[PDB]
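Comments concern the structure below.
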Amino acid sequence: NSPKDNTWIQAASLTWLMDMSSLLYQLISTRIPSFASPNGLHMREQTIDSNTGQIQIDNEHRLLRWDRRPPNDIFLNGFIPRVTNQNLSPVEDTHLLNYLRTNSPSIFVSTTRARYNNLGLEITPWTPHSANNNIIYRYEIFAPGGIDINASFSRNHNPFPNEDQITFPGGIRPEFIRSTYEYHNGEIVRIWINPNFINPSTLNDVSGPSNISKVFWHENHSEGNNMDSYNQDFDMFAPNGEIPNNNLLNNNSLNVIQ
Amino acid sequence: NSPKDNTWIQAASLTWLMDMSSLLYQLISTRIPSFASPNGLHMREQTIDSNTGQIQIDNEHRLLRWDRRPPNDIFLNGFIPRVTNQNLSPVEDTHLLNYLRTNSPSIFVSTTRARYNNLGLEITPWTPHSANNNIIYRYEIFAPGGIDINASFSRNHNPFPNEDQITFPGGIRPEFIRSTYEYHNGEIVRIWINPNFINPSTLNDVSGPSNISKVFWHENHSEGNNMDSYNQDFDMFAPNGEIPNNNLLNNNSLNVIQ
Amino acid sequence: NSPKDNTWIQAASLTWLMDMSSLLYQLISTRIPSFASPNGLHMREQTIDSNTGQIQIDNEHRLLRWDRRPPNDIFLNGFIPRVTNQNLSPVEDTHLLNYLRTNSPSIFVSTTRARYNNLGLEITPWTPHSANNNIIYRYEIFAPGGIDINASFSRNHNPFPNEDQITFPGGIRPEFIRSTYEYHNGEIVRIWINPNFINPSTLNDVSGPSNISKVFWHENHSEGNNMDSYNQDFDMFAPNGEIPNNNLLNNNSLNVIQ
Amino acid sequence: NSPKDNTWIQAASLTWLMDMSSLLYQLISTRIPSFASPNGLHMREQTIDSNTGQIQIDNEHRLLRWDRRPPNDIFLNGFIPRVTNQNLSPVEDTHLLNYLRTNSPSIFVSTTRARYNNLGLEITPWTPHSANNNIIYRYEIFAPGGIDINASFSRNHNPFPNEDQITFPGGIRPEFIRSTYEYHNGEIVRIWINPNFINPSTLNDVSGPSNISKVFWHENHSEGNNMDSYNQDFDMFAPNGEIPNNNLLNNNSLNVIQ
Amino acid sequence: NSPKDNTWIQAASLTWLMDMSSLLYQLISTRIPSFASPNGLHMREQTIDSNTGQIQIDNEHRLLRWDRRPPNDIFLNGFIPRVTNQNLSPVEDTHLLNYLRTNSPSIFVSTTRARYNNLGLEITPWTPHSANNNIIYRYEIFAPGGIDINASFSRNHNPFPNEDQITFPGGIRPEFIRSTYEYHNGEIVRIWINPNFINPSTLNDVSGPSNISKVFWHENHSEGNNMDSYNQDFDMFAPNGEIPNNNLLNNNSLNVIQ
Amino acid sequence: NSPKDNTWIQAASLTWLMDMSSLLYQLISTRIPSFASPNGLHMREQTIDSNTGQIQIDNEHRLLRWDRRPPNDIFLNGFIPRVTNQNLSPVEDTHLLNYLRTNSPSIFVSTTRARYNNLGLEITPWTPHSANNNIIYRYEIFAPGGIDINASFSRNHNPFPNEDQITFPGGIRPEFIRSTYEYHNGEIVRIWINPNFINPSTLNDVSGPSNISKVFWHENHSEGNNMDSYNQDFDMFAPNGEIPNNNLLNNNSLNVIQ
Amino acid sequence: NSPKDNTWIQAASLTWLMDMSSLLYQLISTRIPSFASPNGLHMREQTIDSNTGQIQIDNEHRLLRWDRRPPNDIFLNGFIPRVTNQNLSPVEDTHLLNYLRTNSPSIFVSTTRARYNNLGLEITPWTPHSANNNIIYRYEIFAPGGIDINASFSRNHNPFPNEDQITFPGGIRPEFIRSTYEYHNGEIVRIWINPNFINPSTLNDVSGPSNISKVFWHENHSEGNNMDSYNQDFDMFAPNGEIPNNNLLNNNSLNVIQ
């Protein structure tokens, strides 16, 4: 049943949702048959340090988002959902299962979990099929909350499990986005650091290959606008990607064969 | 009478229709005289594998759609109907018989069945009269649901039986479109594969003549925008085409005499 | 009184009218004094061959329409009336007698009967006064229904008899238009065939002089847009034309003296 | 009192007025004091030939209208009034006396009678003061109905008896306009014949000086658009013209001194 | 109290006011304190010849209006007030005293009386302060009605008596404007005659210096559009002019020192 | 309490306010705490000579207004307030204290008193801080009414006393503006006289340095449009200026140090 | 509980808020849980001198605001909030905690306190992360009121104490902005003085490095428009900056390492 607090939606870009936690949980829960979610939605845990009141920043809570939009947009605005207007009706806006299964416009923003091997080394995450084409960004996020999709649905009622998603009703504000990799043709050409990330003391922990241009972003950065040529979530819809392999993410590529 | 589940409209592009299955079935059924449809609408069966929950991909369920719109549009948006707004009134939007007989704007999107001879080899499908003119695409679809038109009406009240149509209220999402043939003057010049097709392990089963350019699509593909110079369904209206012959579809042409 | 079925309006371009047959018949009938139409409106008989359930295609049901609009418009859209919006009020939209007498905008599309001599050979039809000027088209139609004007009103209360009109409330869809003659200065320069005509097996029966360019139309045909330089019905209003003579229509002209 | 039939408004361009004859007559009659029109409005008589039911075409019913608009406008649209919208209120739209006295916008269109001497030869009609300036047209009309102004009002209650006006509530359709003289600087330069005039057998009766260009009009005629450089009735308002003399109209001028 | 007939507003350009005489008189009268107008508004007398019904054309009834707008505007449209819409509310539209005192927008149009010496010779009228600057017109009017301002108010409640104003609720139609003097830099350069003036037999009585270009106007006259480079009444507001002297108006100037 | 007559608002540009004197006084008075205005608003006295009814024109009643708008605007339109629409609500429009303290948009127009020494010679008035920059005008006004701000408020409730402001609800009409000094960089370059000033016999009393261009204004005067490059009251808000000194205003400057 | 007077919002740019003090305080207070603000909002004290009623101008009350907008905007308009329309609903407009935590649009304007060491010498204030990039302004403010954020919330319920914010509901008018430093690449290039600052006698107290261009502003100053290339509060959101160090602010830089 209902969440005790609004932690699950604390990263929200649509800030007005944050004070309507219970109402939102009901609105979403009622379009989910008990057989699909026997125990109800499962919110991620320990997204916040109990000792600090601060975002938990560890491999286990490290989220990723593939997006064609550049840092001058994302580091300024965060991830705003496709639907931004208030509508307390059972319309498609809050229809979670339809959103995941069909990618219909909604108030939800997806992310996928960073993947590690047993030695705790990073391996290929769920990657979009079009990742090797043109310019794409892989944003690194540490945010409070999110719905743990795979833990919320019975295997046979969970539309696409392979994507290992953590969904954010209302989106994610920019202060929860630590960095991003800028890829051109599947190759890393730059690493962007968001100086306004909620925990600036961890900025030096941002990893990447050696000798790759690393830039500290600021509004209207001269090189922060690269983009192709619209559905901002096309590259985050389950059937539009997959986990290509379990190779170590220790090269200059995104580990997808050309 | 009424369908047990919403399988018939599960491919829907107008996703809001999927949760209003019974209401939609009533809305459509009431403008159909009992003498036209003695037993009611007949929904296609076995469109989904009961053992996997997955789309049934076999010759028997292989659908085709002739369209002048290119892959950069279709593989991105799917087949969205001419009418996209909600209207629970008995207007023409849901008037199935008028749509079939006159091609009036509606929420329906049509497909025609792939045709095979007794040896299970492909033969000429229902083809538009204008197929040999300019640029046209023949999309290959495997989707859940659809209304089996020929099985839903007495032949005496079925506007156009030859087309053997399977109609999709709400359209078809792009993940159900596996590939497309690009024809220029009735000749195949390229075969496009949709990497995001719901069952990617079958992509290698896509057939075509030998040595024809085969391309894996991605958004804004450089050659994915070819189009002539609007009624997107003009080339799918029954009187606007026919089954030209039963010849084997084993050449570079669409089997229509120049 | 009332028609048994909606055959009279089955060719309708304004398809929403087809399901409101009785209401439409009342709407029209009430603005017609009993002395003008003692026996009520007389619908054309045998427009559909009951043995085939399809359009009757014979000289006796062959209709013509003079229009300045070219095939790229007409073969695509059919004949849509000057008034296209729904209005169940006794406004001028449905005022049949006013439309005939004055040519006021309405939901009616006019046609005139093809004319034959006693040997069954074609003779000059009712022709517009401006027919020898510039570019004009003479469309050939075989459609279900239509109101037989001369049989609906008494001789002495029938505004203009010479025209032998067949009026179509809601217009005529393109599949009922078999061909058209393109005239330039009163001379035939091309014969256009509509491949999507409802009975394609009769396309070879389309007549015309010998050695005249004969073209099978398709959307946006390169030569299908010729037009002068608007009232689309100007050339179909009774006082705007006449039957010039009873000569055989066996030459390259429209039988009007230059 | 009330007219027996709607003959008085049968020439109407605003066709919707034709079925509201009695209501219109009341609407107009109530703003006319009994002392101004002791016997009520007097409608012209014999505007229709009682042996044929067609418009009476004789000198006695020959009407004229001075207008700056050319044949490409007038022969296509007729004379449409300055006010064209429906308004069953006692507004100025139907205020006949104000219209005649002030030329305020209304649903009325004025014409003036052709003038003849006792030998039945044509003499100078009421002519606009600006007639010798630039380009002006004198249209010839034979229409059913019209209000006989001079016979409708007591001499001292008739604003401008001199114009011998016949007013048409709702205007005059083009089929009632037989021809027009095109004047440039008060000189006839062309005679236009309307081939669509309601009685085409009388077209040869159109008179004019000898050896003047005579043209049979058609839509968009190349020379049918001459016009100066708006109140379309400026040149038909009583104080804006007069009967200049009673000379024979047998020259190339409009009989007004330069 | 109330006027017996509507003579006072018979010159009205806003013709709809003419039938609401009593209502208008009340509307205006109620915003006028009894001490300002002890005897009520005084309408000009003998503006209309009781014997002909014709406009009285004599020095005593000769009115003038200074205006920057040229004959192509004024002789075509007359003097239309700054406020032209119907409003039966006690708004400023009909507020006579505010209009005279402040020049606020209203339905009124001002004129000033022509001035004569004891020998009946014309002397300088009330003239605008800006009269010697650029292009200005002095229109000559003979109209029925008008409110005699100086006779309507008690001297100490009459804002500006020196102007000798005759005010026209609803304005003045062009047929009441006989002529105009066109001044450039305070010098007469042309005399315009309105051929459509209500009494054309008096046109030859129009006076002016000798050998000054005299033109008979017609719509769009080539020289009838001269104007500077908006408040059309700026030059008719009392504080904006004065009676400069009592000199004879027998020269080429407007009798104002340069 | 309430003013006996509307003298206080007689200069009004928003003329509709003049007849709603008592209502306006209430509307303004109710948002003024009794401790701020113990005795209520104090209206200026002797603004109108009781003997003549005329505007009192003496040093004592001489008002000034600093404005960036030129004579072609001001001498034509007067000083119209920032808010011009009717609103009988306690909105900010009539909020006198907030207007004085914050300069929020309202129906009020400020002026400041001309300043004199004990010999009755003019000394520096309250001057805007930006007066020495670019082009600014100092208008001279003699108007009826106005609220005497310093006499209306208890010193510790009066926002800014130093300005010796005279506020005009509804603004000031142009006939109350006698002249203006045009300054460029704090230097007088021209003196403009308004010939339409309510008392033209005093025009020669307009003072200024010797040998400075003196111009009599008229609409669209060629040099009457000089302006910089909007809040028209920026230079009349108390904190935006001050009384710089008490020096004699007998030079070509505005007595502010460069 | 409630504030005794409206001092807290007296600097308001949205002046209509000033008269709705209690209502505003309730509106804001009700969305603040008692555990977050045990004692309610704490308004700054001694922002106004008790003896004179004038603004308290001392180090203690010296506020700063980092803004990308230049003096031609700010010194003219002040700091107007992102939300400017009236809305007495519990919408996000007045949601103080959401504002502070997320930077959502609201009626609030942030400022940060000037920082001093023990000797009372200025040290580095909270500075935006992007301060060394391009052009940024640091405005100096002395205003009445403001909410003392750090004193209003219990440590663990104060989103971002590090900013040491004083928040102004309704913004700050320009007369409370004394000066601004213009930085280019983190270096001071000009010091702007607002001559209209509420206490002009303190203008000489404005400090800065020696020999830096010092300019007295006026509307449209030629160099007062420098700006980069929009969220006007981006550089005032807590996570978007920090207190870089406690070094003396006695150099030309903003004390942030390049």
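Letters for chains follow the order of the structure tokens (A, B, ...), residue numbers begin at 1 for each chain, and ligand numbers begin at 1 in the order shown.
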
Residues of chain F at most 9 Å from chain E: nearest atom pair and distance in Å, only C-alpha atoms, as CSV:
residue,atom,partner,partner_atom,distance
F:11,CA,E:102,CA,8.9
F:12,CA,E:102,CA,8.8
F:13,CA,E:102,CA,8.2
F:14,CA,E:104,CA,8.8
F:15,CA,E:104,CA,7.0
F:16,CA,E:92,CA,6.4
F:18,CA,E:98,CA,8.9
F:53,CA,E:156,CA,8.2
F:76,CA,E:234,CA,8.3
F:173,CA,E:102,CA,7.7
F:175,CA,E:239,CA,6.9
F:195,CA,E:129,CA,6.8
F:196,CA,E:240,CA,4.8
F:197,CA,E:239,CA,6.9
F:198,CA,E:239,CA,6.0
F:199,CA,E:239,CA,8.5
F:200,CA,E:239,CA,8.7
F:217,CA,E:130,CA,8.5
F:218,CA,E:130,CA,5.8
F:219,CA,E:130,CA,7.8
F:220,CA,E:229,CA,8.2

Using N, CA and C atoms, can you write the selected residues to a file as a tab-separated table (two decimals), in the first residue's frame?
chain	number	residue	atom	x	y	z
F	11	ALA	N	-9.34	68.95	-14.53
F	11	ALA	CA	-8.30	68.97	-15.58
F	11	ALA	C	-8.21	67.61	-16.27
F	12	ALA	N	-8.92	66.62	-15.72
F	12	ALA	CA	-8.89	65.25	-16.21
F	12	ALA	C	-8.90	65.00	-17.70
F	13	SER	N	-7.96	64.14	-18.07
F	13	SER	CA	-7.80	63.63	-19.41
F	13	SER	C	-8.80	62.45	-19.53
F	14	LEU	N	-8.91	61.63	-18.47
F	14	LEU	CA	-9.90	60.52	-18.40
F	14	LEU	C	-11.19	61.23	-17.97
F	15	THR	N	-11.84	61.87	-18.94
F	15	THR	CA	-13.04	62.69	-18.70
F	15	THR	C	-14.22	62.01	-18.00
F	16	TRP	N	-14.32	60.70	-18.15
F	16	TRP	CA	-15.38	59.97	-17.51
F	16	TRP	C	-15.29	60.01	-15.99
F	18	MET	N	-14.69	62.74	-14.24
F	18	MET	CA	-15.27	64.01	-13.79
F	18	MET	C	-16.70	63.99	-13.25
F	53	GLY	N	-14.09	82.70	-13.38
F	53	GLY	CA	-14.44	81.30	-13.59
F	53	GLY	C	-13.18	80.72	-14.30
F	76	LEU	N	-0.59	67.65	-27.90
F	76	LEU	CA	-1.70	67.09	-28.64
F	76	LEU	C	-2.62	66.27	-27.73
F	173	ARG	N	-5.46	67.69	-19.37
F	173	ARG	CA	-5.68	67.95	-20.79
F	173	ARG	C	-4.67	68.97	-21.33
F	175	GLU	N	-4.86	71.71	-23.03
F	175	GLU	CA	-5.18	73.15	-22.94
F	175	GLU	C	-4.70	73.80	-21.63
F	195	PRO	N	-0.08	77.37	-28.35
F	195	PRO	CA	-1.03	78.44	-28.71
F	195	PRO	C	-2.47	78.18	-28.23
F	196	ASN	N	-2.78	76.91	-27.96
F	196	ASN	CA	-4.10	76.49	-27.52
F	196	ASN	C	-4.26	76.48	-26.00
F	197	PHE	N	-3.30	77.07	-25.30
F	197	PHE	CA	-3.38	77.16	-23.86
F	197	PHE	C	-4.71	77.93	-23.52
F	198	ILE	N	-5.42	77.45	-22.51
F	198	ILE	CA	-6.69	77.97	-22.07
F	198	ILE	C	-6.79	79.51	-21.95
F	199	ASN	N	-5.69	80.20	-21.64
F	199	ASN	CA	-5.66	81.69	-21.59
F	199	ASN	C	-4.54	82.23	-22.46
F	200	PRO	N	-4.81	82.35	-23.75
F	200	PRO	CA	-3.84	82.82	-24.74
F	200	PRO	C	-3.28	84.22	-24.55
F	217	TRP	N	3.92	76.02	-31.20
F	217	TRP	CA	3.62	74.69	-31.65
F	217	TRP	C	2.37	74.54	-32.50
F	218	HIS	N	2.37	73.50	-33.33
F	218	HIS	CA	1.19	73.07	-34.10
F	218	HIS	C	1.37	71.55	-34.26
F	219	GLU	N	0.29	70.81	-34.49
F	219	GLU	CA	0.37	69.34	-34.65
F	219	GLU	C	1.47	69.00	-35.65
F	220	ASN	N	2.22	67.93	-35.34
F	220	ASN	CA	3.27	67.45	-36.22
F	220	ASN	C	4.30	68.49	-36.60

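Residue neighbourhood of residue 212 (chain E), excluding near-sequence residues (fewer than 2 positions): residues 188, 189, 190, 191, 208, 209, 210 and 214 of chain E, at 8 Å, using only C-alpha atoms.
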
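On the backbone of this structure, DSSP gives alpha helix (DSSP H) within region 98-249 of chain A to residues 98, 99, 100, 101, 102, 149, 150, 151 and 152 of chain A.
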
In Å to one decimal, how far is CA of residue 49 (chain C) from CA of residue 144 (chain C)?
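Going from CA of residue 144 (chain C) over to CA of residue 49 (chain C) covers 9.6 Å.
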
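Once residue 249 (chain D) and its same-chain neighbours fewer than 3 positions away are set aside, residues 121, 122, 123, 124, 125, 246, 252, 253, 254 and 255 of chain D remain within 9 Å of it when counting only C-alpha atoms.
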
Can you write just those residues out, C-alpha atoms, as a CSV table (one decimal), in the first residue's frame?
chain,number,residue,atom,x,y,z
D,121,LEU,CA,-37.3,55.6,-78.8
D,122,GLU,CA,-34.8,55.6,-75.9
D,123,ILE,CA,-33.9,58.9,-74.3
D,124,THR,CA,-31.4,59.8,-71.5
D,125,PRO,CA,-32.0,57.9,-68.3
D,246,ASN,CA,-34.5,64.1,-72.8
D,252,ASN,CA,-21.7,57.1,-78.5
D,253,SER,CA,-22.0,59.2,-75.4
D,254,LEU,CA,-24.2,59.0,-72.2
D,255,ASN,CA,-25.7,62.4,-73.1

Exercise. Work out how far apart CA of residue 86 (chain F) and CA of residue 145 (chain F) are and give it in Å to one decimal.
Key: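 Pair CA of residue 86 (chain F) / CA of residue 145 (chain F) returns 20.8 Å.
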